[PDB]
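Have a look at the structure below, then the notes.
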Amino acid sequence: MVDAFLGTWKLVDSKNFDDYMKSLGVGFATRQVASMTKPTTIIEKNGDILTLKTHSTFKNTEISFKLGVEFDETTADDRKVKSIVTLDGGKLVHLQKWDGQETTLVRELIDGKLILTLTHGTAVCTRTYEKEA
Ligand SMILES: CC/C=C\C/C=C\C/C=C\C/C=C\C/C=C\C/C=C\CCC(=O)O
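Residue numbers for the sequence shown follow our numbering, beginning at 1 and rising by one.
What follows is the structure in structure tokens.
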């Protein structure tokens, strides 16, 4: 089910990430640094517990979750959110809720690349990751 997503992924394309960060209220200096950072995303499973690590020179995050079970999360920009990750149409869909707001982080595989679509408000960011060996 989620096997094709597992492994180590490196950022290779980013569109509209500044728009997404600005929609979330991220300050200009953080958005500068973030716009030049190329994170590595590691997705691992152990039974039905997934762990998703995002590593960079600026900030690191890690979450663990079961699909379809809500979890508390503190995001890279310090939002305290209620999260759930599920498979939907073969896509790994992560929904975050806080203060009545929502954002979605949708991952899909296209030609072996991992496409992450981030939506908040009207802002839609598309980031592309390539698999590391
Ligand atoms: C954690 C390292 C990943 C990306 C950029 C570097 C530092 C992050 C700090 C601030 C960014 C601010 C807001 C972004 C909001 C949510 C984080 C979601 C996705 C990170 C981007 C990704 O996984 O490619």
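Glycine is no exception: its CB is placed at the ideal position from the N, C-alpha and C atoms.
Counted within 10 angstroms of its Cβ, other Cβ atoms place residue i as buried (16 or more) or exposed
i	result
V33	exposed
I43	buried
Alpha carbon of residue i to alpha carbon of residue j, nearest angstrom
i	j	result
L52	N46	12 Å
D19	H120	9 Å
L24	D88	25 Å
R127	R107	9 Å
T57	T37	7 Å
residue 142	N16	There is no way to answer for residue 142, as the model of the chain reaches only from 1 to 133.
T103	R79	11 Å
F71	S83	5 Å
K97	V81	5 Å
For residue i: DSSP bridge partner residues
i	result
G25	Note: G25 sits in no beta bridge, so no partner.
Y129	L11 and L114
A4	Paired residues: none, contrary to the question.
Reference residue i, options the options, closest by Cα
i	options	result
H94	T30, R31, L50 and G7	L50
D3	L118, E73, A133 and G90	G90
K59	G27, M1, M21 and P39	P39
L105	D111, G112 and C125	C125
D48	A29, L114, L116 and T86	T86
Ligand 2 heavy atom lying under 6 Å from the CB of residue i
i	result
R127	Only ligand 1 can be found as ligands here, which leaves ligand 2 out of the picture.
Margin query: Which runs of the beta strand (DSSP E) at least 3 residues long sit entirely within the segment 35–117? Give them in chain order.
Written below: 40–46, 49–55, 61–66, 71–74, 80–88, 91–98 and 101–110
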